[PDB]
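So this first bit is one chain, no partners, the form solved without ligand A1IHU, shown in structure tokens.
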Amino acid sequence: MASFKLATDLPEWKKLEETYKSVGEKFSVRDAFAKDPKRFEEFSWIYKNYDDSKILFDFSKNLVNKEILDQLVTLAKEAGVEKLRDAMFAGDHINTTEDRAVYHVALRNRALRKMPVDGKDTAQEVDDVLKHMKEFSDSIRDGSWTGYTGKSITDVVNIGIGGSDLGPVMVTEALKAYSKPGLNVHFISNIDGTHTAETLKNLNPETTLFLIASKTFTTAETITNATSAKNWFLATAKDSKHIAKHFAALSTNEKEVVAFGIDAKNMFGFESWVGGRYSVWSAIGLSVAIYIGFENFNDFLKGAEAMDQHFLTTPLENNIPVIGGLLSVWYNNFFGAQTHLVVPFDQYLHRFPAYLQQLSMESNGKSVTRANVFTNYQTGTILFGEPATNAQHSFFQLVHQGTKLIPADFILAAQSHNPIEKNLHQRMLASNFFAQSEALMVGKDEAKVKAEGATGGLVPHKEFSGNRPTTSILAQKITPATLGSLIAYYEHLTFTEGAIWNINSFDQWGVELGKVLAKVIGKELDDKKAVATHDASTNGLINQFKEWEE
């Protein structure tokens, strides 16, 4: 099914190795700007969203020029990025190891284009779930859906883990400006009983709604947590008939939902072709629709749809997510940089790096290609980040003066939702965004340090290399539509990387393994008898725990 086996044996890969040696390794971004008066225009692109809002993607402080980008585009052609993308959008089963379609793009098909899986259009089935989400979220928000004592819901608790948790977390944080007073969202995800205890501590069963978010509806942590929540609820409500007003399910598995005691009328469904890390667009985003309202959730979907259309219809050389993915390959595979940093200059987006860390690393942390052979090259990068300006005071020291190349994406909105003090804070925030990427590029040489007053041995400690690359992403405003487009940009960047490496970006056998590993040891923790059934470390740790546990 694959058209090639190994990225390293694409003809352009060895050409890029040669370009790395002659041009890339010692690339001077300062010299690039000096050579090319049109560099900013040539290496920046304006994305226009469906609502005519705009996002500037400026790649011009990267270690890249026309020659390098053209070679990377050739590599993408040789790798059949476009063929794989088209197959994704056709509903083909490109998740080859689970024999599944990969159809998050269908979730945000608000245009109702024909988008078939197994030869049947999905547009109406997706739309019908959205209709249900709108009805229900409207009823929560207008008080027509009351708790078992006729009170409006005040608190919504999502219970889920991984893909069934982190999108809801990140997007409700990101779009918190769009929420209403008195209607709050909460998250229980960890099996650690602290998460249950602390989240429920101050909540009222009469005014709390639970969403049990689980694709399979069999995940140990989620079902255990959901049982705990049901117990807490019934401790006050007493009668199980009242569960129908307080528990809903977001799932693909109706039989297990109903077995759990949730009415099928209170199930919001989705399909197997929605990966967890691509799921916030589905029924899994119900907490978002409740928190900010369905219209805002729908605008978020439409932002993703617009970026999908950009990705599908734009030649590679001007295709924004492809460009980002090509740069990632350049750094990962030619420079040997193992990490990718994402820094929102935006407090609402504080969980955006963690969300991307799941999307990226879970997709692309693979060692086997679509030809079912092991790679002889690096795949997925380690993605990390925190918001600025905080990050500037902390690990930015190492970004500026350490020994590791750390490609970084900085993101700013031109307009704040909270423009206090006639935009005093916002102008200060913006000034940091510009100045930090400028400093990473320009650096500060020995002569400048001397001129500034340092002498003798102090001088080298105050030098900065510069030529440290960044990508700057400037939005007008982080609206629902903008956020939709930004997530989809990273989805399709991730797609591009995986396509070049010839991996399946859409399975997760290490995550699936983790969901079956613990039960064997759990059974050994039912008593305090020493164990010797494992390696000596695992035995030592279990046995020490048995001595120290309650």
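One rule holds for the numbers: they count along the sequence shown, beginning at 1.
Beyond the structure shown, there is the form deposited with ligand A1IHU bound, which is absent from this document and is the topic of what follows.
Does ligand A1IHU come within 4.5 Å of any heavy atom of residue 381 in the bound PDB entry?
Residue 381: yes, in contact with ligand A1IHU in the bound PDB entry.
Examine residue 499 and determine whether its closest non-hydrogen atom to ligand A1IHU in the bound PDB entry is within 4.5 angstroms.
Flag for residue 499 set to no.
Does the 4.5 Å heavy atom contact test between residue 59 and ligand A1IHU in the bound PDB entry come out positive?
Residue 59: no, not in contact with ligand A1IHU in the bound PDB entry.
Proximity of residue 493 to ligand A1IHU in the bound PDB entry, heavy atoms at 4.5 Å
Contact with ligand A1IHU, yes.
With the partner removed from view, which of 315-323, 474-482, 354-362, 430-438 is the stretch that lies within 4.5 Å of ligand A1IHU in the bound PDB entry, judged by heavy atom distances?
Careful reading of the contacts points to 354-362.
Listed residue (470, 122, 208, 328) with a non-hydrogen atom within 4.5 angstroms of ligand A1IHU in the bound PDB entry:
Comparing distances to ligand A1IHU in the bound PDB entry, the residue within 4.5 Å is 328.
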